[PDB]
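Data first, discussion second: the structure below is written as structure tokens.
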Number of protein chains: 2
Amino acid sequence: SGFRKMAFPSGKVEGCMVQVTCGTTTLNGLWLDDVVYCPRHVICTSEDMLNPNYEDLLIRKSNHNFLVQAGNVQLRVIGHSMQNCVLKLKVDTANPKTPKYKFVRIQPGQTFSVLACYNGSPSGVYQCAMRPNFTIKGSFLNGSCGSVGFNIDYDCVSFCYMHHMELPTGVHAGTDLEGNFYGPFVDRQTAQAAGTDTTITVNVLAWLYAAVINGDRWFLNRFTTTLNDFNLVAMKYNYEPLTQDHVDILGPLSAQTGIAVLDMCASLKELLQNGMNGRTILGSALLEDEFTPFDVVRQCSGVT
Amino acid sequence: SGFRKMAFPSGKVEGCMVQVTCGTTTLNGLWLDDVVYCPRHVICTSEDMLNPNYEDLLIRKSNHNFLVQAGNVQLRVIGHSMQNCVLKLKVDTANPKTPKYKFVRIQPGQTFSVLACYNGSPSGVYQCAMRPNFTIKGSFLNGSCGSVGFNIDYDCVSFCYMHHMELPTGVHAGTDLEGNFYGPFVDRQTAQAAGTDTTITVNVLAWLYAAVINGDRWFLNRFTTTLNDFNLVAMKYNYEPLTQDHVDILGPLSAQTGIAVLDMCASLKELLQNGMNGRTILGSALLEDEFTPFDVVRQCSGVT
């Protein structure tokens, strides 16, 4: 019993973190096979970041200007290329700790673990979600760029995020491992404001199922609703519209608990309209939206 | 910027988890040097757990009855002993991945990371605190016993917790790595009720400092207080008494922010008396007490 914000075990990713230095900039890289992946802004001065021309800045860089250190051992850079907003540094040594891996581009509402790193050294691991406005709410200090987000399926690491940017509002932006930003963000120190950070409805519903499984039941009510009726209320409260696809995804939790998805929507509707009245659900005073239905099933079933 | 509930990177501990089976019971063990540590209740049937005589049950067990598996490889058990509520299984192979380590017994209010495991396989990592009633609020399913709690200081793992028990109220009890339960709990399926789960005041104050550092400032008010005045209010709200030792520990965060500890106590006093009025602090609608002052300094400074 109990339900925690849980990250994947980080060891497989710890084995891939390296330090990348270009001139006076140090950040983190991800070493998979004989390629180190890092943010292309490693080549920028903070001055450069105001209006960088990355192709032009990169012309002034050679393989020997990219200093890659794995623990206390230097890696030899034998090639470099820019793919979107990441650099791929080809090294002469395959990472002996390379796990089975995939690069995946996640959808808003999907969760992942972040291994926050500084100077190629892991500092901590925490759980994030891709927000509906394609930001994440992370914990990243100067030096954390190139820290990665991932999911694990048994022994395969799916890398989904690399940290690039903090917005003036203190939320975070980054790329997939092909170097494409999530959302509209750019690797430039400019006016970038995030859109509405809506609540991930299907994740709240999943977490309410987790609450019922773990004995927190006070919020269950005598009501039901329809998707359209629920969505009128979701819209008013800046919740994401619930789709039949979301209802289908919640089916296993519905089955496990015997609470119909639309009954749980009616419980959520009352919580939105009535508030928590000073009560908590799984130790939270707000409706938690950074557990996916898959997360809830995984944690409630004990997948390794 | 940003402030997350962050666990230590788990890799060093992942390298120590093994499966222990005795008859029909499978749980987790911790393999350090040539010793595997596990809960002594591995030797119990669920029937046994109602009133176990561990010395008597252990007489019926031989080295060859303790099946220890590290990944898909069997370890040879060459001795076994009971120390308090843990078994120490001596194996013929030192764990080649043994990190630098210590066994520490933590105080209530101290935080640690848990690597939840099933069948010796890591499932997830999350951050816990030793509650003032010597329970923890974990996420543990059947098979999770022997999962461990730890802190890391650079490259040294301090193991502080091993999971043994779930109370009928769904909170968790366990031991240090000498096999001594935290608090009054026993490894028996009996009436064990937890005492008051008071709020860890010094940790709330630390987290309010973290909030100010990360730009959440709305709760700062024009007031101050005294330890005695604050403590009258703490007592009323089931907060732990704040001591001068706690004030001394918050000194570095006081210095960093320029907010005197007693001024922050007066902000906390108003939050207790007035509530949050539907506002949040670092994404929480309640006052978070599972960050120590050391955690806040570590996460705000980026220690690896």
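Cβ sites come from the backbone with ideal geometry, for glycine too, and all protein chains shown count toward neighbours. Please treat every number below as a calculation from the coordinates, not as lab data.
Here are the numbers for this structure:
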| read-out | value |
| --- | --- |
| Inter-copy separations for residue A:245, label at 7 Å along Cα-Cβ, nm, ascending | 5.6 |
| Global size of chain A as Cα Rg and Dmax, reported in angstrom | 21.4, 68 |
| Karplus 3J(HN,Hα) series, Hz, for region A:55-64 with 6.51 cos²θ - 1.76 cosθ + 1.60 (x for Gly, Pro) | 4, 5, 5, 6, 4, 7, 9, 10, 2, 6 |
| Estimated FRET transfer efficiency (residue B:105, residue B:244; beta-carbon r; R0 25 Å; 0.05) | 0.55 |
| Label geometry 7 Å along the beta-carbon vector: residue A:217 inter-copy distances in nm | 4.7 |
| Number of partner chain Cβ atoms within 10 Å, mean per residue of B:295-304 | 4 |
| Sequence-distant residues sharing a close amide H with residue A:79 (under 5 Å, placed H) | A:90 |
| Estimated dipole of region B:198-301 in Debye, rounded to 20 [Cβ of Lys and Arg +1, of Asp and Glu -1, Cα centre] | 320 |
| Cβ-based exposure ranking for A:46, B:267, in which fewest neighbours within 10 Å come first | A:46, B:267 |
| Table column - 3J(HN,Hα) (Hz), region B:74-83, Karplus curve with 6.51, -1.76, 1.60, x for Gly and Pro | 7, 9, 8, 8, 10, x, 8, 8, 9, 10 |
| Percentage relative contact order, region A:198-301, counting C-alpha pairs under 8 Å, at least six apart | 48 |
| Proxy reagent accessibility, fewest Cβ within 10 Å first, across B:178, B:240 | B:178, B:240 |
| Helical mean residue ellipticity (222 nm; -39500 (n - 2.57) per DSSP H run of 4+; nearest 500) of the protein assembly as shown | -6500 deg cm²/dmol |
| Region B:15-99 - percent relative contact order, Cα under 8 Å, separation 6 or more | 36 |
| Ranked list, fewest to most other Cβ atoms within 10 Å of each Cβ, for B:200, B:78 | B:78, B:200 |
| Ascending list, in nanometres, of distances separating the residue A:49 label from those of the other copies (7 Å, Cα toward Cβ) | 5.2 |
| Computed Kirkwood radius, in angstrom, where 1/r is averaged over Cα pairs of region A:198-301 | 13.4 |
| Backbone HN-Hα couplings from phi across region B:28-33 [Karplus 6.51/-1.76/1.60, Hz, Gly and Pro as x] | 9, x, 10, 9, 10, 6 |
| Axial C-alpha extent at least 15 Å, average Kyte-Doolittle at least 1.0 - helices from chain B (DSSP) | B:201-213 |
| Region B:260-304 shape via C-alpha gyration tensor axes, a/c threshold 1.5 | oblate |
| Set of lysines with alpha-carbon distance to residue A:5 below 19 Å, sequence-local pairs under 8 removed | A:137, B:5, B:137 |
| Residues with amide H under 5 Å from that of residue B:110, placed H, sequence gap 5 or more | B:130 |
| Total formal charge among the other residues, if their Cβ is under 13 angstrom from that of residue A:246, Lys/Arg +1 and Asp/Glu -1 | -4 |
| Förster radius 41 Å - calculated FRET efficiency between residue B:24 and residue A:193 (Cβ-Cβ, nearest 0.05) | 0.10 |
| Counted charge near residue B:131, where neighbours are those whose Cβ lies closer than 13 Å (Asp, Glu -1; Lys, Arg +1) | -3 |
| Dmax and Rg, reported as Rg then Dmax, of the protein assembly as shown (C-alpha, Å) | 24.8, 77 |
| Relative contact order, percent, chain A [alpha-carbon distance under 8 Å, six or more residues apart] | 17 |
| Local electrostatic count, residue B:99, Cβ distance below 9 Å [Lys/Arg +1, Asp/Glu -1] | +2 |
